[PDB]
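K.L.:
Encoded as structure tokens, here's the structure I'll be asking about.
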Amino acid sequence: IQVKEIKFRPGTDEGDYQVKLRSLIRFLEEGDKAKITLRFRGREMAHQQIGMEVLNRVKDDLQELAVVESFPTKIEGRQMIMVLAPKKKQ
Amino acid sequence: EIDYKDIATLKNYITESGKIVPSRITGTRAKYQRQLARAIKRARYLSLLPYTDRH
Amino acid sequence: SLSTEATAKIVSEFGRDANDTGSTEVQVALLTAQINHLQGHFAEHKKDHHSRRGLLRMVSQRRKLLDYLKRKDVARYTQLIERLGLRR
Amino acid sequence: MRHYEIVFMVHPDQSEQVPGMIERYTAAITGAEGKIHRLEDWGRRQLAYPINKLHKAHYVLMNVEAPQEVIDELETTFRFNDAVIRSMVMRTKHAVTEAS
Amino acid sequence: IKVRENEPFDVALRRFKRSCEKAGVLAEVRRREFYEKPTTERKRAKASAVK
RNA sequence: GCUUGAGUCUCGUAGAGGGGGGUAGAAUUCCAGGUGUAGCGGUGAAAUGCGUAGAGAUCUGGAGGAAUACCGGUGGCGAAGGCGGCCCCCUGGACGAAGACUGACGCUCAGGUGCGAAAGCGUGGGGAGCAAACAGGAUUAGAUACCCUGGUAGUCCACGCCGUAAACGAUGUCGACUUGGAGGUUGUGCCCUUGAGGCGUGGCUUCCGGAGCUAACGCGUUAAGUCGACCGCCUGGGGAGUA
């Protein structure tokens with residue numbers, strides 16, 4: 001599987017987030033790995049709760065699209081990068 | 001001058017490889033040079049001066 | 001274009017005087033002869049535009065000359081227009 | 001009214017036809033009231049590069065001032081014959097004799 | 001365009017041929033004709049030294 | 001009424017002006033045959049990818065269309081688009097030498113006819129290589145980007161439509177004058193080609209540089225100078241050559 005990726009950010013607006021999701025769809029059903037690059041701008045360090053909820057919503061958007069393997073534990077740098085895997089055909 | 005049959009004088013103005021010397025090195029008037037090109041290629045058509053020693 | 005002997009024939013037969021080539025009469029006659037001959041060449045190939053330019057130029061020259069002659073005198077214009085068989 | 005210079009090619013082993021060949025051209029052009037000036041034959045000479053096999057073909061020289069139609073049909077005669085090879089003709093520039 | 005030299009060099013030392021390449025004429029003739037551009041040899045280097 | 005403005009004949013000169021018909025060589029592919037077992041491929045980004053019933057290599061013959069190596073150098077031609085193998089036929093302009101000849105017959109042009117590179121569309125024909133769309137691999141934070149391997153329309157021919165470009169010398173045309181220089185090129189003068197020197201007496205073109213203009217850069221006898229005859233065009237940027 002190749003390595004494909006698009007930028008992320010918790011506070012991203014609506015429409016471009018959905019186009020990004022559809023692009024990730026096309027890539028997954030064309031067999032591409034899931035990588036996340038989310039850049040942290042300034043004082044985003046005081047929104048842990050809403051950030052966690054937004055990340056959970058992002059993953060929930062892939063409820064019937066793929067399968068989750070790993071969940072973040074620790075932080076090295078400004079971001080945590082997780083890998084998602086294609087869903088077994090049913 | 002304008003003739004083509006006198007291959008003997010025409011020979012010294014061409015290279016052993018079959019190419020033609022430019023008028024810059026020779027130092028001749030341009031109209032003479034074009035008349036010379038006319039004569040040499042007319043000879044080339046009639047199979048007197050080879051295109052090159054390739055064959 | 002026009003051969004020398006044809007020019008001599010036309011100037012001798014049609015001109016007013018001997019060596020009278022300056023007259024507009026011979027000008028018009030020679031121009032008409034040349035254009036009538038060139039009708040044959042433009043009867044074919046229908047694309048030689050770079051001489052269509054010259055044909056148009058000489059047609060315009062004939063037009064201007066004939067206009068000037070008609071403006072100056074009537075009798076010579078009538079004689080020309082009847083003898084040569086043009087314009088109509 | 002219009003000069004022409006003519007030289008053509010001919011097969012080397014076919015040198016036997018050359019006399020009658022040039023005779024029938026000269027008879028045709030004389031019937032065409034042409035004015036000949038000089039004749040010459042350089043003979044067979046090795047050529048620079050082989051063309052359709054063959055080597056050392058035979059040459060010819062003519063000279064004539066004449067109308068156009070006649071050179072047209074003699075060019076056609078050069079055309080359909082297969083015992084003849086490359087034929088070339090120049091235009092006017094008047095007439096010059098000698099020059100072997 | 002031709003090389004008929006000896007063993008020792010074997011590497012580069014043809015940068016003189018790079019200078020003699022004249023990238024303008026090759027880049028001009030490889031792609032289409034211009035008829036007004038190879039003039040760059042003159043009339044725009046010496047004649048445009050503006051201060 | 002008159003020739004200085006304008007036009008004609010005598011001879012000659014240069015030239016890749018156009019149209020139509022043949023011919024030739026070198027080079028790519030495809031075909032046959034002879035000697036014969038893995039290459040072509042950014043390999044400083046890295047390899048896939050395909051060629052493996054006899055090939056890249058080398059010879060001997062055919063098929064096949066396309067474009068014409070050095071000459072070629074703003075050197076030449078044209079109203080601007082533009083023009084390059086060689087042969088033949090029809091044909092257009094320019095210019096020179098001194099001769100005669102008609103006697104203002106001119107200049108400019110709103111609407112109108114003509115021409116107008118390459119992409120496009122319609123009828124067919126043709127297809128060597130080429131390469132928009134697509135096909136596959138590498139490519140990184142990120143490629144539906146170029147890099148590589150293939151690959152249709154279309155570039156070619158014969159008839160028709162299409163009227164636009166940075167169609168720029170970014171300088172509409174036609175006249176009469178005003179300081180200089182080293183060239184390319186074109187035909188005649190009487191000599192003194194006799195060496196390649198003296199008449200430019202002309203035409204078309206290069207490159208520097210005064211007086212004079214120019215906001216400046218710079219233009220600078222082919223003016224952006226001093227004058228004349230006309231035409232076409234301009235009044236802040238977006239909204240816009242849009243509705």
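The chains in the structure tokens are called A, B, ... from first to last as shown; in each chain the residues are counted from 1, and the ligands are counted from 1 in the order shown.
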I want to know what sits within 7 Å of region 33-49 of chain B, based on only C-alpha atoms (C1' of nucleotides), with residues of the same chain fewer than 3 positions away left out; could you give that as a VMD selection string?
P.N.:
(chain B and resid 2 4 23 28 to 30) or (chain D and resid 47 to 48) or (chain F and resid 71)
K.L.:
Find the residues of chain C in contact range of chain F, meaning any atom within 10 Å when counting only C-alpha atoms (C1' of nucleotides), and list them as a PyMOL selection string.
P.N.:
chain C and resi 1+4+7-8+11+19-27+38+40-42+44-56+64-69+72
K.L.:
Which is closest to residue 67 (chain A) among A:4, A:26, A:87, A:33, if we use only C-alpha atoms?
P.N.:
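Using only C-alpha atoms, the shortest distance to residue 67 (chain A) belongs to A:87.
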K.L.:
In Å, rounded to a single decimal, give me how far CA of residue 25 (chain A) is from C1' of residue 149 (chain F).
P.N.:
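Going from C1' of residue 149 (chain F) over to CA of residue 25 (chain A), I get 29.6 Å.
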K.L.:
What are the DSSP strand (DSSP E) residues of chain A, as a PyMOL selection string?
P.N.:
chain A and resi 2-8+32-38
